[PDB]
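Undergrad:
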Amino acid sequence: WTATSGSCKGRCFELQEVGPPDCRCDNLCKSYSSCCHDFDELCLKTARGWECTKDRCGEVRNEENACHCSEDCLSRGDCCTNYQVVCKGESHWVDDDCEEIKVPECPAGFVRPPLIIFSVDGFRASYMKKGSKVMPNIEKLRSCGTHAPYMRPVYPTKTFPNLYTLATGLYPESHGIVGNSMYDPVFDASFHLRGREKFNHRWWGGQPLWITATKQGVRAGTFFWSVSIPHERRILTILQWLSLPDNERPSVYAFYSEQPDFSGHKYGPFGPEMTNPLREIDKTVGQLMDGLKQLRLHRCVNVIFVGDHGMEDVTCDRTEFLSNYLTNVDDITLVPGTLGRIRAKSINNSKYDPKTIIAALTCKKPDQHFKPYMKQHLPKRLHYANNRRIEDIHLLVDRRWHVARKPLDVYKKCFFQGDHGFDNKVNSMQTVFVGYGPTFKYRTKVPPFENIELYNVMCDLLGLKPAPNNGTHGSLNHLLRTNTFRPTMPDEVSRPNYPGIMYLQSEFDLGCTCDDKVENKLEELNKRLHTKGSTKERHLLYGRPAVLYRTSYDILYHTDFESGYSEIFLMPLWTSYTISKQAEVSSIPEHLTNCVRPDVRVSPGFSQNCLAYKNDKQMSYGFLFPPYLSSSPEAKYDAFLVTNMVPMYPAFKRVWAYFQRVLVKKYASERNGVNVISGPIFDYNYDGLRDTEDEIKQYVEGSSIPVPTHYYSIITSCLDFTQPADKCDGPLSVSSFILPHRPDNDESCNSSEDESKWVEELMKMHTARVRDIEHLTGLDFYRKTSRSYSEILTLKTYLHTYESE
Ligand SMILES: *[C@@H]1O[C@H](CO)[C@@H](O[C@@H]2O[C@H](CO)[C@@H](O[C@@H]3O[C@H](CO[C@H]4O[C@H](CO)[C@@H](O)[C@H](O[C@H]5O[C@H](CO)[C@@H](O)[C@H](O)[C@@H]5O[C@H]5O[C@H](CO)[C@@H](O)[C@H](O)[C@@H]5O)[C@@H]4O)[C@@H](O)[C@H](O[C@H]4O[C@H](CO)[C@@H](O)[C@H](O)[C@@H]4O[C@H]4O[C@H](CO)[C@@H](O)[C@H](O)[C@@H]4O)[C@@H]3O)[C@H](O)[C@H]2NC(C)=O)[C@H](O)[C@H]1NC(C)=O
Ligand SMILES: CC(=O)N1CCC(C2=NNC(=O)[C@H]2/N=N/c2ccc(Cl)cc2)CC1
Ligand SMILES: CC(=O)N1CCC(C2=NNC(=O)[C@H]2/N=N/c2ccc(Cl)cc2)CC1
Ligand SMILES: [Ca+2]
Ligand SMILES: [Cl-]
Ligand code: NA
Ligand code: NA
Ligand SMILES: [Zn+2]
């Protein structure tokens, strides 16, 4: 109940919200059915429209008009946005040449440049080029400010997950808004676009920018406009707030447009009907900028033009139906569309079987337009598993398609020609970023980056300390003319030991054999130098990684590779080696096929053993530095050390051997040498973070050898490929991956074929940022380069996507 008997006179769009049953005059009231009786009359005026005309100039203030052309309007702060253009001979902001904004040019009383976030729903990245002729205001912001060719949304590339990620810097798994539709079990409740449940605060985690601002004494306008408040009124309201007295005026503002998303669903991303909503968004930008110029704020305010996700062509006839795969299709609930999430229809049923459901959905049709996953097997780059609201069974749907349960769900719910929500690497899902103002750079292009990074920058722009988030603070410093954040390297927590020869062969009882009893003072001094780290500048190009947690580990040097060997996990945490363009691939000699050699620098008690692998009928093993790439027949013996061995499913060895035998050399040839760092990852609770020892759920049978959930590699070379990887003077180039360590290759439908037909495609799918690997390992890479730290941070957030142009 609301006693909606009070009034809004003089209170229109008040900034603080009064609590029921007092009636409300804030821009949120419409959504709660709690606006005072006179809200529309007083606060939502429309008379005479939104523009001044010649004959309105100098008029007698009529308070009934939507906006004013009277003489007192400037100081009343409520002129139509085009007032000075029509009634004072001034020019439109878009008509002026752009001039560099070297310093903030603000009215007296402004303690900091205001921030205005202009967010647009469904604004696909390629609209910037393809719609450029009809968006002159947006085009000026873009070319005169700082812009990226596109910005990467988060998965799922839905509206609510992405808007709330923009506001918090958090992955949907961490902020809790994991989709446009949700079921929570612990609450026991559902969340929908249509409805009032979405308004309960219990769904919304993290700390959004407006709360971060308020807690630190920076005032905020609202970030939530009611759907019925027209755009011209949102703009005029922001402009009025900007005329408030210094002690009442917000420092951060948001505008939101439901377009072009709304039209894109109906007409497809490039439907002829799309030109008009793009004209209209541009007009609104024009209005804001003319309005700022009027208030003399156009060289004072920082403006962010940002989208939530793009839009793809999707129609009803591109729908896969689960009723064509399953028989018990009535025993499940599907969250349908551009992604699938499956759970049991009823919690009282113990006859429900996820493994059988998955199996029934795997590679069943030659053309299948989706792939099922247990959520923990989804590519780690999606960061989409660590939330009770995310169902165990997930369907990644092909771009341009939908998944539905049964045909009845589609024709009794073609409506639509566009949709979004697909994997966030897909070109059609990419969106836009432009920054314009005194704090952003002038006429500057920046590389594509992820929307999780923006919260830190918005906080920097307002002098706020960001709440803990998934951005990497400093990775976007290159966007800004002046930075208040200078990042520093995390301190190394554990220092390594450097063991020498300490054990005799006969102390080892590991059940390993090698045919290596084959016998020179010249090359006896040589091998000693290699074990002391003579070749280390060759294979360790960027310094050793820093270990950022408490543990026990040894640095081990070899002719061809260096490693950091964990006495706790009984395997390297990391193995580093360089393969030059000219290097050669050899095979493993017949006599050294099953060879594993004790490492005399490392105690039997901290070594793996061959017997466990023999006893374990599921588990085999592989090597981190590949024997195939040894530099000499003598150096090859190094690759069979027990300290280079890691547990591998036979199914996984197919993937790993192909990467090591074929792909490393191909990358070296194409990139003019590569440096490779590889190692294990343990993430049994799928939270994206390194597991402690007591979290491991699987060991090689009858041993304390832990089984990795994933294997990573980081492959670095010179951005200037005319220079070899090992003699690079400038910026670096990186690609990385985190491969799931699986006992089958069910994920790859063509895995019965030669590795040359599927393995690389799998690896591409599991592309990763160096930063993802850092979280998963507790390691810190690139400690010793010539490059500035902000540049290294940008490099660590880079994702190689494998999409066309
Ligand atoms: C992306 O960035 C984010 C933010 O930096 C990273 O997430 C953080 O990771 C931290 C480590 O996992 C985590 O810290 C834990 O906090 C626990 C309490 O935290 C509450 O308060 C904070 C701060 O206000 C709040 O943010 C949290 O909000 C969560 O929960 C609410 C309501 O449930 C949700 O609405 C909200 O969305 C959010 O949910 C998300 O996080 C939780 C986990 O916290 C997930 O389960 C959800 O799925 C969802 O993703 C919290 O309300 C605190 O209790 C923990 O402490 C335990 O562990 C330490 C180890 O040092 C130990 O010392 C303690 O004693 C304690 O152990 C005890 O509890 C155990 C579990 O009950 C028990 O087993 C033991 O026996 C002990 O009794 C811990 O410190 C932090 O909360 C989140 N923050 C967020 C916002 O998610 C994220 O890691 C980054 N991602 C990547 C890939 O890097
Ligand atoms: C005390 C508390 O927690 N809250 C926060 C939530 C409400 C809001 N505060 N400020 C707003 O603009 C409004 N929600 N805005 C949003 C904008 C985008 C999105 Cl996806 C979701 C919400 C009421 C207060
Ligand atoms: C029902 C619900 O809660 N949502 C809120 C989100 C959408 C919005 N409706 N009105 C808004 O202004 C808009 N949020 N805008 C934002 C402005 C800035 C930023 Cl960073 C993020 C969002 C759809 C409805
Ligand atoms: Ca973990
Ligand atoms: Cl959804
Ligand atoms: Na075995
Ligand atoms: Na297969
Ligand atoms: Zn949409």
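If you count by the deposited numbering, then the sequence shown holds residues 51 to 463, 468 to 573, 576 to 861, one letter each, in order. For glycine and all other residues, C-beta sits at the position ideal for the given N, C-alpha and C.
1. Does the beta carbon of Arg746 fall short of 7 Å from some heavy atom of ligand 4?
2. Which full runs of the alpha helix (DSSP H) of 4+ residues lie inside the region 334 to 416, going along the chain?
3. With a threshold of 16 other CB atoms inside 10 Å of the CB of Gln471, please say whether the residue is buried or exposed.
4. What residues match up with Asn731 in a beta bridge as DSSP calls it?
5. Here's a check: name, in chain order, each residue in its chain whose Cβ is nearer than 6 Å to the Cβ of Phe241, leaving out the five neighbours to either side.
6. Could you tell me which of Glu113, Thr591, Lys179 sits nearest to residue 574, measuring between CA atoms?
7. Helix, strand or coil, according to DSSP, for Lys852 in the structure here?
8. Among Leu534, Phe679, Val603, which residue has its Cα nearest to the Cα of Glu546?
9. How many whole angstroms separate the CB atoms of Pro703 and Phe738, which I take to be in contact at a CB cut-off of 8 Å?
10. Using the beta carbon as the reference atom, which residues fall closer than 5 Å to any heavy atom of ligand 5, ordered along the chain?
11. Rounded to a whole number of angstroms, what is the C-alpha to C-alpha distance between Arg269 and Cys62?
12. Tell me whether the beta-carbon of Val486 lies closer than 8 Å to the beta-carbon of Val356.
13. From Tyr621, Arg329, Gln344, pick the residue whose C-alpha is nearest to that of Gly127; which is it?
14. If contacts are defined as beta-carbon pairs under 8 Å, then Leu596 and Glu618 qualify, I think. What distance do you get, rounded to the angstrom?
15. Cα-Cα, which of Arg843, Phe494, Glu749 is closest to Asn531?
16. My output table needs one value for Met178: the three-state DSSP class, helix, strand or coil.
17. For ligand 3, any of its heavy atoms closer than 7 Å to the Cβ of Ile261?
18. Report buried or exposed for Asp800, applying the criterion of at least 16 other Cβ atoms within 10 angstroms of its Cβ.
19. Residues near ligand 7, CB to any non-hydrogen atom under 6 Å, in chain order?
20. With a threshold of 7 Å, establish whether the CB of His452 neighbours any heavy atom of ligand 2.
21. Within the same chain, show all residues whose beta-carbon is closer than 6 Å to that of residue 574, passing over the 5 residues directly before and after it, in chain order.
22. What are the complete alpha helix (DSSP H) segments, minimum 4 residues, inside the region 686 to 736?
23. Extract the residue ranges of the alpha helix (DSSP H) inside the region 248 to 328, only unbroken runs of 4 or more that lie entirely within it.
24. What residue range is occupied by the uninterrupted beta strand (DSSP E) comprising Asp234?
25. Just to confirm my understanding: we take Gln418, look at its own chain, exclude 5 residues before and 5 after, and list those with CB closer than 8 Å. What are they?
26. Could you spell out the range, first to last residue, of the alpha helix (DSSP H) harbouring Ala668?
27. What's the call for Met819, buried or exposed, on a 16-neighbour Cβ count within 10 Å?
28. Compute every distance between the C-beta of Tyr755 and the non-hydrogen atoms of ligand 6, then say whether any falls below 7 Å.
29. Keeping to the same chain, check which residues put their C-beta closer than 6 Å to that of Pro164; ignore five residues upstream and five downstream.
30. Going along the chain, which residues of its own chain have a beta-carbon closer than 7 Å to the beta-carbon of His315, five neighbours each way excluded?
31. Considering Cα atoms alone, identify which of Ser276, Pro280, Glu223, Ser278 is closest to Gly255.
32. Roughly how many whole angstroms lie between the Cα atoms of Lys190 and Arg349?
33. Among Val656, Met483, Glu861, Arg368, whose alpha-carbon lies nearest the alpha-carbon of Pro203?
34. Is the Cβ-Cβ distance between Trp712 and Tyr767 less than 8 Å?
35. Does the beta-carbon of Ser676, which I'm using as the reference point, lie nearer than 7 Å to any heavy atom of ligand 6?
36. Using C-beta distances below 6 Å, list every residue in its chain close to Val335, excluding the 5 sequence neighbours before and after it, in chain order.
TA: Walking through what the data contain:
1. yes
2. 404 to 410
3. buried
4. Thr634, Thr772
5. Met232, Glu247, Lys248, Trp253
6. Between 573 and 576, the chain has no modelled residues, which means residue 574 does not appear in the coordinates.
7. helix
8. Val603
9. Rounded, the Cβ-Cβ distance is 11 Å, inconsistent with contact.
10. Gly229, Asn230, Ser231
11. 18 Å
12. yes
13. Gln344
14. 5 Å
15. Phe494
16. helix
17. no
18. exposed
19. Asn801, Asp802, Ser804, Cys805, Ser807
20. no
21. This model leaves out residue 574; its place in the chain lies between 573 and 576, and no residues are given there.
22. 706 to 714, 720 to 727
23. 259 to 265, 281 to 291, 311 to 317
24. 232 to 234
25. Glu370, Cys805
26. 666 to 671
27. buried
28. no
29. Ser301, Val351
30. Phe470, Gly472, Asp473
31. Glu223
32. 14 Å
33. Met483
34. yes
35. yes
36. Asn187, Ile188
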